[PDB]
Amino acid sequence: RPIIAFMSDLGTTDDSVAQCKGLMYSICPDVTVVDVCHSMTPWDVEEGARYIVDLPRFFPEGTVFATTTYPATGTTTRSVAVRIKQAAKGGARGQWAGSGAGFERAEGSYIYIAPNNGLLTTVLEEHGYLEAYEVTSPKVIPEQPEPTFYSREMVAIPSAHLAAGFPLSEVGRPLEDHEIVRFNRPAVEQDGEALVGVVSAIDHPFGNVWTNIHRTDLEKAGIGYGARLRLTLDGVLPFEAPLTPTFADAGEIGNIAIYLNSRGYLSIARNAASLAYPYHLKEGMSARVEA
């Protein structure tokens, strides 16, 4: 019962995703295609990365992740197919997902296929990888690929061959590590006893504010739940709350909560109200946290 989990920049307003799906069922008749999202900002490989890096622990072993924003579509660039190493625990704690004690996932159990444009930068950093190949064989891509639709030609199509059991190492030649394109991720800076980062995302549809300050950064300023914090956004908004597990800990509806989001990152919100929307807070604003 193979699964392809599909994340693209193709949108939800025309038949582009359906074209790709049609081809997935043609190649792998017993497949289940799970939509991740198709709503990302086109060409923002850093946003795309965010929607896919946390996926593996939630899916059955053998799942293929077909992930693509493809601004170099039509050129002589070719996709990269990689078998990751660690499925990786996640969340505010760092645990397996599922009921009971969670579903432990074996190593070497998921494949990602993507343009070689840095989309997989965070996947490779947080999971590692065992093997990586250029996608070139005409067994798994078109001999005459549509120039403006490499997300279909070079990702959707070969993803389905992989789901159907095409050997990974036969899609094309092995890639050396330096041949895999990466974007740089800005580090969280130690700064006195303060940690200095950015708003990484506005968490839609709620308007929560997510930062790039990870639980591990907090876990060696020595900051746990209960700590009284000052989280300054945009240089000029010094929010103050204790770090709490969840929104309702702030008390009355509308009160500020500082918490660790489900991806493991320091976040700020209001309790059952929107923080970001009324005040137009945005990705890219500064975020400093301290006692």
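Just count from 1 along the sequence shown to find any residue number. Think of the rigid core as the biggest set of C-alphas that the two forms share within 1.5 Å after superposition.
What stretch shows more C-alpha movement in 8 other deposited structures of this protein relative to this form, 106-114 or 83-91, after the core is superposed? The more displaced stretch in 8 other deposited structures of this protein turns out to be 83-91.
More shifted region, core-based fit in 8 other deposited structures of this protein, 45-53 vs 219-227 by CA: Higher root mean square deviation of C-alphas in 8 other deposited structures of this protein is shown by 219-227.
9-17 versus 278-286 - which carries the larger mean C-alpha B factor in the record: Stretch with the higher mean C-alpha B-factor: 278-286.
Mean CA B-factor: is it higher for 127-135 or for 177-185? Higher mean C-alpha B-factor: 177-185.
In the PDB entry, which of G264, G48, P56, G224 has its C-alpha at the highest B-factor? In the PDB entry, the greatest C-alpha B-factor among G264, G48, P56, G224 is found at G224.
Determine which member of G98, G192, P158, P142 has the highest CA B-factor, using the values in the deposited entry. Highest C-alpha B-factor among the listed residues goes to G192.
Splitting the chain's C-alpha B-factors into thirds, which one does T121 fall into? Middle third, going by the recorded CA B-factors of the chain.
Where the record places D44 (Cα B-factor, split into thirds across the chain): Tercile = highest for this residue's CA B-factor.
Lowest, middle or highest third - CA B-factor, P115: Lowest third.
Among all modelled residues of this chain, ranked by Cα B factor, put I213 in the bottom, middle or top third, i.e. lowest, middle or highest. Middle third - that is where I213 ends up once the chain's C-alpha B-factors are sorted.
Which third, lowest, middle or highest, does the C-alpha temperature factor of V82 belong to within its own chain? Middle third by C-alpha B-factor.
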